[PDB]
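1. here goes the first bit of my complex:
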Amino acid sequence: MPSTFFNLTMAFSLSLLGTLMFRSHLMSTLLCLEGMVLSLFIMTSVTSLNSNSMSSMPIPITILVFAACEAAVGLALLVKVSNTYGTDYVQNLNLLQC
Amino acid sequence: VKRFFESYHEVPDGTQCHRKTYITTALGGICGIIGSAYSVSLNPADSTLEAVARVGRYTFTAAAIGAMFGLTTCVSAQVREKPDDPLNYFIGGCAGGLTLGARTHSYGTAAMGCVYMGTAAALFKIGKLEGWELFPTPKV
Amino acid sequence: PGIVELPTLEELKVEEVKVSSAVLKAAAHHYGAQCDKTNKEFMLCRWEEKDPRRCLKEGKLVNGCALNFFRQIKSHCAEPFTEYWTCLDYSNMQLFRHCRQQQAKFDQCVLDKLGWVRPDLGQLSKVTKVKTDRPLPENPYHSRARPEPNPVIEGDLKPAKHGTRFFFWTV
């Protein structure tokens, strides 16, 4: 358990780091968010299985559901920005500077 | 460790000059590096060598202000017989402000920074004597 | 803090069944009927004490009852029982539905020779009474004394003194 939790926390940390520093494509940022979602779900799953707490196993599934809903919203926003600018580049998202 | 920074107040001023100067220089350098990281993360520069030059300039300027402040404060407290008199921190802060003005090539910054930094340092010293507490914990 | 108190290897010794899972399944129902008081006393011991170190003497009585039961079967209904549990062992999950005929043979043999009666579908699973002189373990959790609550201010409400004492508002 301890080593697994350490590596999983490091994985979430790396995915958060990847989200915080961009790299042009918004789709990649969405994927990094989705990876953090994966890591958090795994954390919860292993914690519950370790503790034999079967009343908290309803909660990782809720995590997945809500993360899926937000990911769908993100994809729709990607579609709209693409319709606006021709690409998904985050550079174009600079109008509101003024 | 925070022991290094808390060692600044191990012995009253006018003594262990070199050590106190080192400590203030390090603190100024840290502040400068933080500010430089912010100023590069926002408002990027054309060249990466430009960015590193910027971080160097900010860091060295802040370190210089801190070093001059510590040196002048300790020298004042030592040459005059008053160890814990806030006028010493005021003179040190004014020295820091003047050094900032020189580094920026401007007399107006020299004057404004002298007044403001000297007042800040004097208020710091006053707080340390009188027991003021910044960032307190809920007492109600 | 304190040295744990594990029982000695000598007192953890008892004659043991050494009969396979298929055999135990084949003998289960009648073994649930006969040998009920002993098992139930031991089970109540487990649940009440919560300490496995405090029910060993009763667990060994459980083992002795099991040995007696199986010795009786071996003495009287041995061959039908061997047939029955061979057929059970063959099955993948040891399902009863596959060997009913041999089950009938064994059940009749025990019913006539030894007077046993098999339990119906709803018998072995009902909660039962148990009689024991073993006293009810008090403080089973070794619980510390609960900290005393805060004192409760007792009185009757009255209007605030000199109104809402806020800076300058008269009331």
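-> Received the coordinates, thanks. Residues are numbered from 1 along each chain as shown, chains lettered A, B, ... in the order given.
2. going forward, measure contacts between C-alpha atoms and count neighbours the same way
-> OK.
3. against residue C:20, how distant is the residue nearest to the spatial centre of chain C?
-> Taking C-alpha atoms, centre = their mean, the centroid of chain C lies closest to residue C:43, which sits 3.2 Å from it. Residue C:43 sits 22 Å away from residue C:20, going by C-alpha to C-alpha, to the nearest Å.
4. with residue C:5 instead?
-> From residue C:5 to residue C:20 the distance is 32 Å (C-alpha to C-alpha).
5. more neighbours: those two, which one.
-> When residue C:5 and residue C:20 are compared for neighbours, residue C:20 comes out ahead with 10 against 7, by other C-alpha atoms under 10 Å in any protein chain shown.
6. and the strands in chain A, which stretches?
-> Shown for chain A, no strands are assigned by DSSP state E.
7. could you report the neighbour count for the residue nearest to residue C:6 when sequence neighbours are not counted?
-> Take residue C:6 and drop its neighbours on the chain: the residue closest to it by C-alpha to C-alpha, 6 or more residues apart in numbering or on different chains is residue C:53, 7.3 Å away. The tally of other residues near residue C:53 (other C-alpha under 10 Å) stands at 13.
8. with the one 10 residues further on instead?
-> Other residues within reach of residue C:63, judged by other C-alpha under 10 Å, total 17.
9. does it touch residue C:18 like I think?
-> No - using C-alpha atoms under 8 Å, residue C:63 is not in contact with residue C:18; the gap is 11.0 Å.
10. shared neighbours of these two, which are they?
-> Listed contacts common to residue C:63 and residue C:18 are nil; contacts here mean C-alpha atoms under 8 Å, 6 or more residues apart in numbering or on different chains.
11. list the contacts for residue C:152?
-> Here residue C:152 is in contact with no residue (C-alpha under 8 Å, 6+ apart).
12. need the phi and psi values for it.
-> Here is the backbone geometry of residue C:152 (degrees, to the nearest 10): phi -110, psi 120.
13. show me which helix runs longest in chain B.
-> Longest helix in chain B, counting residues (DSSP state H): helix B:48-79.
14. which helices and strands does that helix pack with?
-> If you count contacts as 3 or more C-alpha pairs under 8 Å, 6 or more residues apart in numbering or on different chains; DSSP states H and E, helix B:48-79 packs onto helix B:17-41, helix B:86-104.
15. then add chain D to what we have above:
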Amino acid sequence: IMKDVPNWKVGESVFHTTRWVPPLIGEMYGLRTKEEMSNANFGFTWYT
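-> Okay, here's chain D dropped in alongside the others:
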């Protein structure tokens, strides 16, 4: 094993409470062999 280590209480519990705490597989099979430990860990998951 711990005959001569300076300060060791042989049967010391890690719990204040004197209640029986079930032993977890690490304690139970720790000194045994890797085979027994891995059996305890995976015998059911890794199928029959």
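16. in light of the added chain D, please revisit the neighbour count of residue C:53.
-> The number of residues packed near residue C:53 is 14, by other C-alpha under 10 Å.
17. same deal with residue D:43?
-> 12.
18. pull up the gap between it and chain C, please.
-> Remark: distance between residue D:43 and chain C (C-alpha to the nearest C-alpha, to the nearest Å) = 18 Å.
19. same check, this time on residue B:135
-> Distance, residue B:135 to chain C, by C-alpha to the nearest C-alpha: 26 Å.
20. specify the beta-bridge partners of the residue of chain C found nearest chain D.
-> Closest residue of chain C to chain D, C-alpha to the nearest C-alpha: residue C:3 (4.3 Å). Beta bridges link residue C:3 to residue D:12, judged by DSSP bridges.
21. show me the contacts for it.
-> Contact partners of residue C:3, counting by C-alpha under 8 Å, 6+ apart, are D:9-13.
22. run the last query once more with 7 Å
-> Contact analysis of residue C:3 by C-alpha atoms under 7 Å, 6 or more residues apart in numbering or on different chains lists D:11-13.
23. distance of the residue nearest to the centre of chain C relative to residue D:11?
-> Per C-alpha to C-alpha, residue C:43 is found 28 Å from residue D:11.
24. who touches residue A:87 in this structure?
-> Applying C-alpha under 7 Å, 6+ apart, one finds that residue A:87 lies in contact with no residue.
25. separation between it and chain C?
-> 60 Å.
26. ditto for residue B:93
-> Computed as C-alpha to the nearest C-alpha, the residue B:93 to chain C distance reads 40 Å.
27. next, count neighbours for that residue.
-> Count around residue B:93 with other C-alpha under 10 Å applied: 29.
28. now do the same contact list for it.
-> Residue B:93 neighbours (C-alpha under 7 Å, 6+ apart): B:69, B:114, B:117-118, B:121.
29. what sits closest to it if chain neighbours are left out?
-> The nearest residue in space to residue B:93 (C-alpha to C-alpha, 6+ apart) is residue B:118, at 3.8 Å.
30. check which helix or strand covers the one you found.
-> Taking DSSP states H and E as the definition, residue B:118 sits inside helix B:107-130.
31. of all the residues in chain A, which one is nearest chain C?
-> Using C-alpha to the nearest C-alpha, the single residue of chain A nearest to chain C is residue A:52, 19.1 Å away.
32. go ahead and place chain E:
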Amino acid sequence: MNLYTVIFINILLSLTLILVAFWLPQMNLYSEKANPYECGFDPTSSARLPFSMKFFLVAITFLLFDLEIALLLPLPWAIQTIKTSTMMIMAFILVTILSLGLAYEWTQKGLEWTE
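-> With chain E added, the chains above now look like this:
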């Protein structure tokens, strides 16, 4: 250990067939043979350019419906409950809400491909 063994055996079999297929045949590599294929004429443009997806809305809706599938997949164990009435009511509400969402999308032309 059996599942790992059999899956690794499958992997090794497939990879071995590939390696044999790549190291047995006699080869002749040249530019015209290697260049991409497009009905006998050269590519007017590379295939990496944007390719509009005319079913984007249905594609996203698939995500949410699959998560609904996830929410429903515990039913075989759920039915082994004591609160059968509660389980029934909850499952009925869930499926009816699924149906209403699909019906609204249909009536709003979500499923009609975008031109």
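33. check the neighbour count of residue D:43 one more time with chain E there.
-> Counted with other C-alpha under 10 Å, residue D:43 comes out at 13.
34. could you measure from it over to chain E?
-> 10 Å.
35. give me the phi and psi for that residue.
-> phi -60, psi -40.
36. before we move on, what about residue C:119?
-> According to degrees, to the nearest 10, residue C:119 has phi -80, psi 150.
37. so it makes contact with residue C:29?
-> Yes - with contact defined as C-alpha atoms under 7 Å, residue C:119 reaches residue C:29; the gap is 6.5 Å.
38. buried stuff in the longest helix of chain B?
-> Using 16 or more other C-alpha atoms under 10 Å in any protein chain shown as the test for burial, helix B:48-79 gives B:51, B:54-55, B:57-78.
39. and what of stretch C:38-53?
-> C:38-46, C:49-51.
40. output these as TSV; include the columns secondary structure.
-> TSV is the format used below for those (DSSP: H, G, I helix; E, B strand; the rest coil):
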residue	secondary structure
C:38	helix
C:39	helix
C:40	helix
C:41	helix
C:42	helix
C:43	helix
C:44	helix
C:45	helix
C:46	helix
C:49	helix
C:50	coil
C:51	coil
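41. which ones among those also lie next to chain D?
-> Restricting these to those near chain D by C-alpha under 7 Å from any C-alpha of the partner chain leaves residue C:51.
42. could you dump the buried residues of stretch C:38-53 into JSON lines and include distance to residue B:101?
-> Converted to JSON lines, the buried residues of stretch C:38-53 look like this (distance: C-alpha to C-alpha, whole Å):
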{"residue": "C:38", "distance to residue B:101": "95"}
{"residue": "C:39", "distance to residue B:101": "92"}
{"residue": "C:40", "distance to residue B:101": "91"}
{"residue": "C:41", "distance to residue B:101": "91"}
{"residue": "C:42", "distance to residue B:101": "89"}
{"residue": "C:43", "distance to residue B:101": "86"}
{"residue": "C:44", "distance to residue B:101": "86"}
{"residue": "C:45", "distance to residue B:101": "85"}
{"residue": "C:46", "distance to residue B:101": "82"}
{"residue": "C:49", "distance to residue B:101": "80"}
{"residue": "C:50", "distance to residue B:101": "78"}
{"residue": "C:51", "distance to residue B:101": "78"}
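43. appreciated, that's everything.
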